[PDB]
Amino acid sequence: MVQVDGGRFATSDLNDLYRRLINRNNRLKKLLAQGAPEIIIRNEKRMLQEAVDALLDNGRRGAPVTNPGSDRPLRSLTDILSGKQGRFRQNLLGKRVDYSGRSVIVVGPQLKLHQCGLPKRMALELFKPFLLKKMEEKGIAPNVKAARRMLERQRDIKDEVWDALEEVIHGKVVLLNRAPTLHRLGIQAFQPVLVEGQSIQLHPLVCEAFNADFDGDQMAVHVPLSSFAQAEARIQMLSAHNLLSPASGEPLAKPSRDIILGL
Amino acid sequence: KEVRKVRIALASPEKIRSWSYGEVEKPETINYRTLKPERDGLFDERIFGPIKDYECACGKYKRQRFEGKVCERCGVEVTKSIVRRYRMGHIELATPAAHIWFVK
Amino acid sequence: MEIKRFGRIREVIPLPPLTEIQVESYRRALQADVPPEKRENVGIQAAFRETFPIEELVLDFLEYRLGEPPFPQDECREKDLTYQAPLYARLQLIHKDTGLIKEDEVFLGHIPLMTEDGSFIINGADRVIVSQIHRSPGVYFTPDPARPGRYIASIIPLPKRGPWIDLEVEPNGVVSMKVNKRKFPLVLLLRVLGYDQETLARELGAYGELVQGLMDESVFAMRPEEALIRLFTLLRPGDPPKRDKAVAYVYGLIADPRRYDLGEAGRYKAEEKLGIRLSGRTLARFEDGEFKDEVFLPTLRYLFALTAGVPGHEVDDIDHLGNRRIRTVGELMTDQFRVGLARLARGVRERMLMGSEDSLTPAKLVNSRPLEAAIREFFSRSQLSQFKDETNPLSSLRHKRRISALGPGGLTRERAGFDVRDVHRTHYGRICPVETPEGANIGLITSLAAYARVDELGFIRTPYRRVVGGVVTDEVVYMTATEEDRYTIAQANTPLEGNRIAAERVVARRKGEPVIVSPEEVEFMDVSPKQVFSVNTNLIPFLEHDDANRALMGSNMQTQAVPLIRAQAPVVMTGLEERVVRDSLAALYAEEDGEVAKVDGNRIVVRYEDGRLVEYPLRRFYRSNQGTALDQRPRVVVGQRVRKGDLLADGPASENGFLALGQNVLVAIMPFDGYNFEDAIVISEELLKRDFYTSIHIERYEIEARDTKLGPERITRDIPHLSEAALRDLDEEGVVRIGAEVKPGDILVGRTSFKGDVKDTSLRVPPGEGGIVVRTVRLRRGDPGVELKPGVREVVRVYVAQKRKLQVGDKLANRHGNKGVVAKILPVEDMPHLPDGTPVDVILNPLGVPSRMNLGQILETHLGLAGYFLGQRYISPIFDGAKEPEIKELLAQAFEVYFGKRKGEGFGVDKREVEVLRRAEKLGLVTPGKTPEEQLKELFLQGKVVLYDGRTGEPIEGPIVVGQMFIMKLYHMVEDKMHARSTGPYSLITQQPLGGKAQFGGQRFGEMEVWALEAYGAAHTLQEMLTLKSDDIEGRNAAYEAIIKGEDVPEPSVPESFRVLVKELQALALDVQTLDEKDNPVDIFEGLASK
Amino acid sequence: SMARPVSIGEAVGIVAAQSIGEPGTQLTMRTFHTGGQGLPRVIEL
Amino acid sequence: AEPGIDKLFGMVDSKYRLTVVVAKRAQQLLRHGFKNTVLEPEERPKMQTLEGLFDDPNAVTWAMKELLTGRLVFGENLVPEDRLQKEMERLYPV
Amino acid sequence: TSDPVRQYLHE
Amino acid sequence: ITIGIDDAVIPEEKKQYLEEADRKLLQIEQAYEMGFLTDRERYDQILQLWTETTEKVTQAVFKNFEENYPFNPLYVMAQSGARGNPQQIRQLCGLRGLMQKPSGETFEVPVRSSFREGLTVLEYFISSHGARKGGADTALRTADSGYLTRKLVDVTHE
Amino acid sequence: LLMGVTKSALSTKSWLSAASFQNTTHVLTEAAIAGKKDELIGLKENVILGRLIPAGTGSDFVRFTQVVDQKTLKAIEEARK
Amino acid sequence: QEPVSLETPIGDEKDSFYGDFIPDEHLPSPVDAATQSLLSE
DNA sequence: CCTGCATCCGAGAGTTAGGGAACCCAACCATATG
DNA sequence: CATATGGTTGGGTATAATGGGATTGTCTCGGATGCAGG
Ligand SMILES: Nc1ncnc2c1ncn2[C@@H]1O[C@H](COP(=O)(O)OP(=O)(O)OP(=O)(O)OP(=O)(O)OC[C@H]2O[C@@H](n3cnc4c(N)ncnc43)[C@H](O)[C@@H]2O)[C@@H](O)[C@H]1O
Ligand SMILES: Nc1ccn([C@@H]2O[C@H](COP(=O)(O)CP(=O)(O)OP(=O)(O)O)[C@@H](O)[C@H]2O)c(=O)n1
Ligand SMILES: [Mg+2]
Ligand SMILES: [Mg+2]
Ligand SMILES: [Mg+2]
Ligand SMILES: [Mg+2]
Ligand SMILES: [Zn+2]
């Protein structure tokens, strides 16, 4: 039961279900203590059973319980657990993650097979703690806090922080991903080259593997953090190490479109 | 120790009552004037824990170093507020009710 | 610039007003300017006449009126109010006994008002009500799906205005009705209706065994009252069988005019199908305290005649457009008003009973809260009430003509079968077969055809010219689909001499079937090909050379074009742009003949021949719903004479009264160093140099100062812990000054909050935004017309403007479905250029054409080349316009100009051109034996020119297609999409990163991403994704601390989502325990949940 | 994907599921062209 | 492709073993500040910045190069962890 | 069976 | 490499192929005026005739490309495997072909126009049915394919 | 026996993967009645618990590999001697 | 004023709830925890 | 008694993005202030 | 620790009244089950 920024309150349906259960239980106890006739007691016991049923699994037997003034059924615990929007599929088998971004993609014909063009601002945001450590190491900022305050304001950013960032990403790789991920080649590791602008530059030879084209497609970027993660990305999921299809054994990174035409 | 297995089983009334830190006797959630949880309500700090870190409801104990101190004046243990997402309660039914999962 | 137009088909009638589907509907619903004595029985008047008189004392309705709005449109926009008018109802309280009358006029609330363009202002925001397509009420006869040979009859009233009734011949042979999911013998109900054995035998005996199967002595024996009780007993089992209860129930079921309503469309359909004369709109009547049948017997007759194979009886096509109708804004509003009025009537009854008959007045009886609540819900919460799309005037015009099958009482995106999403044959001339959404909404949202009109009953009508004796006349008749099915309709492109069909064989439609007929057999003719498609699709030239999928894409993308400060009309037009500009109310036209007196950037004063001076303010730099800037620019000078309808000011995306969605650019169709690989686009820097594709966008930031328990917040300049470099641009009131440039991290409005002695809660520029502060608005408590929420002391809004030039990552598109993202901006010296030194502006990859099969863009490019060298523009209507030979003649003249110009200065043919002509000769493009000039002219007639490479100076080895193309910038700008996050806000329960760029959220690593990582065998990366980066609170804190300290991140722990899962499983009385290798409990809660 | 004996530890089940599922998403009975027993049969099998 | 990736893939029976060895070697190198390297002073991975050529900060590159030299021994149940750590820490105080 | 209002009214 | 409107070369033989059909059609109509054919036989024969005419026109288009314009852009694009298949080239150059009614049955008259010559209004509307049917099929089937993929991951993940 | 993929997947031994797949209420009720223990063999269960999957670099075949330089190895050999 | 539901559907598709747009302001952020740890050090 | 045969009910239906209605009267603990 | 104020809560009203209000355009598939025949 939280207060929104404007002072209003937002609550879960479970609170209303629990309130109904408690109210009916208390009224049943009061009615039992008064020696009420058996018809009234039978009604109250039926209502308590329906309240428990609605709390555990609403919309299963009879008409689902709704809040007055709306036709929306209240969300029970079973609804919380199950379904495509339920806990298992939405928060356990898949999560939202930090150190990630997204942008429009543009062809990168001058790139090598293992490289991708990453925007400077995106890279600064993605590698921010590493940049703070490197800036502390150099003389750009006396400490991590001052470095963070410096990087907060755009007009307070200078030339040497870009060189520090270029030193931060040396040798590291990032993960590029295009939805829908139909096979394992929908995620691939690339060495980032820092570019100007706000578009990710993609090698032409991986577009088929991604099923990607350049009429508005967007791709997501993720940063593996630890030494194990970086080693796995550089050795196993690097684009230049994945040249044959795991399904058929045929080459998957191969000339297409303009290259075939010219040859 | 490392977790190697997870077991799921039916819960007895004794097990459920041992889980609970207290019974919720009232349908009240929060006070309409002060926005604090009501006693024996769905948000009671006596049952579920303090809202603030290492601080009881009435402010008698407002610092750490008192882990495990159940306030005499309020009844609020002095501990991390994060326990408000772990500690369960219970409702004692006047009459037994059937778990719909095993009925439908 | 001269404009030349093709086409031979003359249009007898012009296009109807393009927004009449909204305006006429709402005006008919309101009837505001009709005196109350002459108001018809439609609209809210019908609702008033139906709910009243409120018999119990009797309260009777007399008349209503609508007042004037409390605040003009613009004031409603600034103060976030609804543009509405007060509604007053005059009523009388009549005592049945005494006879005394108590007349009173009561205020009932406010009704929103439609603007001139056809939209609404709800809570300060522009909204559009989308029309809904649904099954028309009436009687339908369909084949039984399971049992062959049998037919089911269905009676359908208006939605929520009666139960659906079905009649069916049972296997045993008896006929049965299925009302309210309860089967029972129909003969019983027919008995209740006062039917003797002689009438039924004399009325249905001419068919066969059917009537005898219906016949039953047992029911016929019991009198009608006993049959009424029996009907109650079967319909309502358990309820005590009382005569009055049964009578009331059955009356309200099918007889009561206030519960069962067939409507006017249902009445019409039923009368035409069954050839009867329904006095009212109910299935039965209650005259002299008895039930008189009205429709049941005709329905049974039709069912038996259809089952007996009698000629002249047919089943119904449920997708036929004569069986589907359109509910417009007025009808939906009237339905919601009727619901509110019924609730008001119930409140009146309760008040009558609970009060005192002696001292009662109309004011005390009526509570108007339910009516206002119903109107607010409809205009704020209805799926059909949508945030109006105003990227450009065409966007709003298209939005106003949309037809939706979804909504309250409509279909469900997932519960719609192929039958409703398909293009029916009756859609011809009524619904566009091309324009529809691409995704899961395919076939469920469509567009009204250009010449179509929604009739008074809700059926779409199409116009046809009447043909008599092979002579086409000027009489134009608008016909419904059912009416259209009776005739043979010739195609509009039939050759004519005068108005006589001069062709022995005519292509025509007969009930949708193509046929070839003689001119004598022709009865009607299409008015124009334009009538088949929507307004958006009618703006695509050479549409007949384009595949339907890419025409769909182009039509949809025309709506996303952003207005440009140097926008131009297309070189090749269809001839419908001016009507689009005029009907969108975006431009300004002179009301009467007159002379211009004053011209300004924000004002035009015109002196009309009446002698009255009229001032038209100009809308300048106004933020649309989508952030685009809509401004009007004067096109007149002081002292200029203007006739009626002459343009005075251009609107957004308009050039001299023509629709101007983009720019005409020089394009070459050729590959270029992989920079136009797979739909990418290469552009020249000269476009940026002369401010082509430059747009203006305005962003609005809002902050609030409210009251808190720890004291009120204050909008002030006095903020602690910031140097004066952070408060330079702030004024004395704590708000940034107009004209200051703001960058990410800069303060827009200063604010301090009581921490519980104050802290920073200021409004700052979000990452990736900024620009020039152009406008500030402050609204405080108590200001006239201002309605803040309780506790909020004041609100401050800041409007900041941006001038966006074309950059890498922006999306461009033409009208033929060719869309692509800009991938490279080249300097002018690198672009391919003509032999006269002119460089091209855009390079398009030819690989996008062959598989998309949109050949119209190639013809557009050829015509654009011809116009570029001839200095003219063209109108080429769809399906009747420019053909190849005419383009060839235009190209011949263009080559004569382009080459005689070179010959005049004294230059021959270049050596490189000779080499290209030699290759072209080997390429079988030119005929051997002609001079180089002739071969160059032949190549030009093919639309190809010799092109030079700017990097080397050598020519491209083959001739290249070059010409003018119309290309527009789309609202999908990379500026609004680039997003990144290291750390930020987390969710309340799951403690996982939030979603969305607006929330500074993180990207979702879903199930299939996890599958890909699993298939790579990258276990540690996956564990990092699941725990260290999402919801391992201690783990993520430690990881950040280690990274900023230079160490490597530690090992992760149990994610918080698993703890949430365990807690939610315990709430279901399930004991979930984690165990070690020896089956001992392992406490994953660290001891915080153990007593 | 490597034309060499598979390494011990490979999650071949996920690879198999992805390999079967990827083509059916697009190439089965991709844009259809209206000019003069696919996935259902596989799901049935 | 990574330099010498074919030789590294041919040096192991399973590529995941190579990844594990590389990751642990990178962790070891990072822990001891690159003082335990087996690379000769002229084989050190270099990085070009404005000031001049410096040592490569990326430990994973160091680990793959070291594996290429062939001076590292890897396997299952080679040395006890405690012993490994104690000797390495003593030879290279940290 | 369902619709407890009907059951209570009958009782 | 470029694409112009003249690059969609129309073979001359198509014209012959059309007149021969306009001939044979009349014969099948005579076959209907004497009672030798039923509804199904006449419909099936008309459909088969138009199918073979479409196939022959496709072959004629590609033979013309191979023999007269071996470097034509569409031909080179299809032959190299860069972009395009024979059916799309046939629609660009030869003829669009038979169309399906929304009920699933073919029409009796085919679309005899290619995309270079330009379709008539009626032919465009007739083809819209198939275009819409393809769009609906895609949107509604992609979720059964996704469902199947999910089921296979769950059964084989171990 | 032969059973489809759905019925084979819902009939697995691990109640966590079956519960996260489909028919959640039925799977959970049956597992609670039987008191089933999930041994965490597959990938879904370990993903749900946020563990290291038993595949790739997390496989028991490869994840216990050690690496050492020659100097430390000879020092350890002398210590053993 | 009465409280609103955290499960109020946003948008036509059944995928977005109101509570999906509310950030947690109770738990310290990784930046805040790191600042406190460094301050303690 | 067995069996087969319609019949009923319940559980599924791809990813990512962005999006937002009575009123009154009197006793009694709680909290505030000195 | 000691009150004194508002806020909170329990109790009361007397012509006679006596069973409620919505329901609607998917499609297939698999197991449970009541009904018919032999
Ligand atoms: N469903 C999808 N799943 C995954 N990737 C997809 C996708 N749809 C598109 N993409 C990707 O996005 C690229 C760009 O597609 P385009 O077709 O160029 O553009 P769009 O983003 O779909 O919007 P547009 O405004 O053109 O659409 P329309 O008027 O018809 O209609 C506008 C409608 O488009 C839908 N839409 C836009 N972006 C979407 C997205 N990311 N996911 C789902 N629906 C999306 C919205 O519902 C909106 O109402 C595609 O090439 C592909 O890479
Ligand atoms: N609902 C949707 C709609 C689209 N998509 C995805 O977006 C792409 C758009 O391709 P598209 O439709 O532009 C054809 P393309 O793949 O580029 O092929 P072509 O070059 O042979 O013409 C699809 O191929 C899917 O990857 C999706 O996942 N769900
Ligand atoms: Mg593509
Ligand atoms: Mg795309
Ligand atoms: Mg789209
Ligand atoms: Mg979503
Ligand atoms: Zn306390």
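Per chain, numbering begins at 1; letters A, B, ... match sequence-line order. Heavy atoms only: backbone and side chains are in, while hydrogens, waters and symmetry mates are out.
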Between I:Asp12 and C:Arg413, is there a side-chain N and carboxylate O pair less than 4.0 Å apart?
yes
Let me know the distance between CG of C:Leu353 and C1' of J:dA22, rounded to the nearest Å.
17 Å
Atom-to-atom span, NZ of C:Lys160 to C1' of K:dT23 - whole angstrom:
10 Å
DNA chain K nearest-nucleotide lookup for F:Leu9 and C:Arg324: closer to the 5′ end is F:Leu9
Regarding A:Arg8, tell me which of base, sugar-phosphate or nothing describes its non-hydrogen contacts under 4.0 Å with the strands shown.
nothing
Does C:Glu168 pair with C:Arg147 as a salt bridge, N-O distance under 4.0 Å?
yes
Looking at K:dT5 next to K:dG6 in the strand, do their six-membered base rings stack, centres under 5.5 Å and planes under 30°?
yes
Please report the sugar pucker of J:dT16 as north or south based on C1'-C2'-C3'-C4'.
north
Does the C1'-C2'-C3'-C4' torsion put K:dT3 in the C3'-endo-side north group or the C2'-endo-side south group?
south
May I ask which nucleotide in the shown strands pairs with J:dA21, Watson-Crick or G-U wobble, both distances under 3.5 Å?
none
For nucleotides J:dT16 and K:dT23, find the distance between their P atoms and express it as a whole number of Å.
35 Å
Any idea which of K:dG19, K:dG31, J:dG12 is nearest the G:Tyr147 side chain?
J:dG12
With the side chain of C:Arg415 defined as its heavy atoms from C-beta on, choose the nearest nucleotide among J:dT15, K:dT26, J:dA11.
K:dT26
Does this structure show an ion pair linking C:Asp244 with C:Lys242, if we count only N-O contacts that are shorter than 4.0 Å?
yes
Using a heavy-atom cut-off of 4.0 Å across all strands, would you classify G:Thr142 as base, sugar-phosphate, or nothing?
base
Scan C:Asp419 against the nucleic acid and name what it touches under 4.0 Å (heavy atoms): base, sugar-phosphate only, or nothing.
base
At under 4.0 Å between heavy atoms, what does A:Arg60 touch on the DNA or RNA strands: base, sugar-phosphate, or nothing?
sugar-phosphate
Stacking status of neighbours J:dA21 and J:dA22 at 5.5 Å and 30°:
no
Taken to the nearest whole Å, CZ/C:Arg351 to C1'/J:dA22 is 13 Å
Should the pair G:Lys151 and G:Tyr147 be classed as cation-pi, given the thresholds of under 6.0 Å to the six-membered ring centre and 45° from the axis?
yes
Which sugar class, north or south, is indicated for K:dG19 by the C1'-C2'-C3'-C4' dihedral?
south
Rounded to the nearest angstrom, tell me the gap between atom CD in D:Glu22 and atom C1' in J:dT15.
14 Å
Check for me whether J:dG18 and J:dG19 meet both conditions: six-membered ring centres under 5.5 Å apart and planes under 30°.
yes
Check C:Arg700 with C:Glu702, please: is the shortest side-chain N to carboxylate O separation under 4.0 Å?
yes
Taking the six-membered rings only, are the centres of K:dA17 and K:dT18 under 5.5 Å apart with their planes within less than 30° of each other?
no
Sequence neighbours excluded, the answer for ring-ring contact (aromatic ring centres under 6.0 Å, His included) partners of A:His222 is C:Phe1005
Which whole-number value in Å describes the distance from H:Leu10 CG to K:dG31 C1'?
13 Å
What about C:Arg236: does its side chain form a donor-acceptor pair under 3.5 Å with the base of K:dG19?
no
Ion pair check, D:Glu44 and D:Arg41, cut-off under 4.0 Å:
yes
Just checking B:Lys104: base, sugar-phosphate only, or nothing, at a heavy-atom cut-off of under 4.0 Å?
nothing
Tell me: CD of H:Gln22 to P of K:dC29, nearest whole Å?
15 Å
Under the convention that a positive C1'-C2'-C3'-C4' torsion is north and a negative one south, the sugar ring of K:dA16 is south
May I ask you to say what C:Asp319 touches in the nucleic acid, namely base, sugar-phosphate or nothing, with a heavy-atom cut-off under 4.0 Å?
base
In this structure, how many angstroms lie between the P atom of J:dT31 and the NZ atom of B:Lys36, rounded?
13 Å
I'd like to compare against my own output: the B/S/- annotation of nucleotides 3-15 of chain K with a strict under-4.0 Å heavy-atom distance to protein.
----SS-------
pair_partner(J:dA30), Watson-Crick or wobble, both distances < 3.5 Å, evaluates to K:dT5
Could you walk me through whether A:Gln218 and A:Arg102 pass the side-chain hydrogen bond (donor to acceptor under 3.5 Å, both in side chains) test, one step at a time?
CA-CA 7 Å; A:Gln218 296 182 255; A:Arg102 187 172 207 116; 5.2 Å; no
Between J:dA26 and K:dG6 - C1' atom distance, rounded Å
14 Å
When F:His10 and C:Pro157 are each assigned the nearest nucleotide of DNA chain K, the 5'-most assignment goes to F:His10
How should the glycosidic conformation of J:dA13 be described, syn or anti, under the criterion that syn lies within 90° of 0?
anti
Check A:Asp57 with B:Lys104, please: is the shortest side-chain N to carboxylate O separation under 4.0 Å?
no
Considering only the P atoms, how many Å lie between K:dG12 and J:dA21, rounded to the nearest integer?
26 Å
Take the protein atom CZ of C:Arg325 and the nucleotide atom P of K:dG25, then report the distance between them rounded to whole Å.
18 Å
Salt bridge or not between C:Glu56 and C:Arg349? Use side-chain N to carboxylate O under 4.0 Å.
no
Checking C:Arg135 against C:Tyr140: charged group under 6.0 Å from the ring centre and within 45 degrees of the axis?
yes
Identify each atom pair where a protein N or O and an N or O of nucleotides 17-20 of chain J are less than 3.5 Å apart, giving names and distance.
| from | atom 1 | to | atom 2 | distance (Å) |
| --- | --- | --- | --- | --- |
| J:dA17 | OP1 | A:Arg96 | NH1 | 2.9 |
| J:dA17 | OP2 | A:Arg96 | NH2 | 3.2 |
| J:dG18 | OP1 | C:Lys997 | N | 2.8 |
| J:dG18 | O6 | I:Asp15 | OD2 | 3.3 |
| J:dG19 | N1 | I:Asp15 | OD2 | 3.1 |
| J:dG19 | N2 | I:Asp15 | OD1 | 3.3 |
| J:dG20 | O6 | C:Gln999 | NE2 | 3.2 |

For K:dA22, which nucleotide is its Watson-Crick or G-U wobble mate, given both distances must be under 3.5 Å?
none
Taking atom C1' in both K:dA22 and J:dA17, what distance in whole Å separates the two?
39 Å
Looking across every strand, which nucleic acid part, if any, lies under 4.0 Å from D:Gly24 by heavy atom: base, sugar-phosphate, or nothing?
nothing
Is there a donor-acceptor pair closer than 3.5 Å between any side-chain N or O of D:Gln18 and the backbone N or O of C:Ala1015?
no
From the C1'-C2'-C3'-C4' angle alone, say whether K:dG7 leans north (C3'-endo side) or south (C2'-endo side).
south
Sticking with atom P, work out how far K:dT8 lies from J:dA32, rounded to a whole angstrom.
12 Å
Regarding C:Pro240, tell me which of base, sugar-phosphate or nothing describes its non-hydrogen contacts under 4.0 Å with the strands shown.
base
Among K:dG25, J:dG14, K:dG19, find the nucleotide with the atom closest to the side chain of C:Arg135.
K:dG25
Using a cut-off of less than 4.0 Å, is there contact between a side-chain N or O of C:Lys242 and OP1 or OP2 of K:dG19?
no
